[PDB]
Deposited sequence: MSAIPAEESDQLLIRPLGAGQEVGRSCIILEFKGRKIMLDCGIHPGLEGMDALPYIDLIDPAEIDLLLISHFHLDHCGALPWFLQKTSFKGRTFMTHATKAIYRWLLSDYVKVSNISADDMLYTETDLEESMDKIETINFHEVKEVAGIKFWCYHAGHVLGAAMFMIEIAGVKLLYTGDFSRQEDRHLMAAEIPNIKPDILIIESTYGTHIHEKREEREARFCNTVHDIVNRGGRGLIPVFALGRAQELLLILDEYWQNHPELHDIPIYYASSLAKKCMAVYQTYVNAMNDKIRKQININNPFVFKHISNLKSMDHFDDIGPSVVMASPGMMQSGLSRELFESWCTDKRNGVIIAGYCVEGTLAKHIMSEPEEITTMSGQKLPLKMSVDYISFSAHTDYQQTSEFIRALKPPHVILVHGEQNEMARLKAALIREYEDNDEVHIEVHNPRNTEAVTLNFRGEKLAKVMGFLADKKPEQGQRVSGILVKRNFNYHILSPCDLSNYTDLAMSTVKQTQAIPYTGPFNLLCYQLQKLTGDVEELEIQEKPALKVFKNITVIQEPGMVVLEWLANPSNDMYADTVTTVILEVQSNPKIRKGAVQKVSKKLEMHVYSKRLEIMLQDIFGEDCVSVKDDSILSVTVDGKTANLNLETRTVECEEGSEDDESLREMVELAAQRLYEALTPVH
């Protein structure tokens, strides 16, 4: 009746398996349910057992990453959930193929699977789509999503339950991109901000200085006759890297002979989403759609497998997976690591325990998938393309809104705690702004009080310091107090008379 409980069932002091229960005035909203990409089996789910799925009203999925939408076919189908779920239009068209790839990679793993693809396709009919900036209402909950950046189709779900306005940002970026826009500062100031804390107090190299260091790296590999391997994820930053290299070769006539490839069957199936949803781009592409689609490439083709192309002369092939576990981005490496002319460009990120993190220490000799040991002599360059916010972009985002209560999710415990320590000492000097930052872990609820005056309206015959008597209607939270006569004028049901 009075309290608001934000209970992180996932991504509380960790990265992955995001889930947030939002309980306020009888309505429960579960925000952005995903799996943990570093666990196995049923352990990768959020702590869904701390609630019952039969009384969750909304389900707002921010974007299409597996730590944000991955546990969803388990939840919409294999549980007792009967509420309404919402995505953006560009999230759902990548969701169906991003997760069709998930149950193909989790098929060659242990057979304690969460769901299958026939359970994925029958989840597509239960998912409704919110467009950007549009106010949808479910059980008295207005909610409207902003452009979050960071991927094509992400969303910052503003939520308004009885005048309490909350913002879940998901994973957002605030730098202008080749195909994305910055995270929108709303014109409506929220009372509660639930924000990512992915980096804390780190910093980025500047965007004009990364794309120059990237294009000089690709160009120096193909000038020495070498092959360019760019291991990257299929969907996150592969599409942005492509815009850079295609533009860079319109500006250079001598590089037209050699070719640029992208080698993924997931980026093939999801390239049509980048060609269609141009309204979820930034203003730079949707004014360049007047001439031609920039995701219909002029010098970049798909590579189905490495049997198809002859390895004659220089080439730039950006294959997937990004951290080079297996697949085509690993066999293109093993075919190219025994030559000094070739060069690998680690454009994405790495995790301790993968081949893309082991290569950065420059080992003298790497291990083939078949157990053979090949001498690593190709050049290794690490050029970050984060698509997140550092401290100078998170603190600028939080000065512009000034929320009274800030809840940190989606960050590891050492980098989330350094972000809370920096946000407290940034607002402990000035007196007119007061921010109460929280970093709750899993299952730890955040109790917030939002007592507000209840306002009604007389507009019927009672509308003309006297007494007020009559029947009162509460729609969801909006009150109206009316005459006994005015139930056939305003209210759907006019009267009740028995004899």
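According to the record, C-alpha coordinates are lacking for deposited residues 1-8, 473-477, 513-684.
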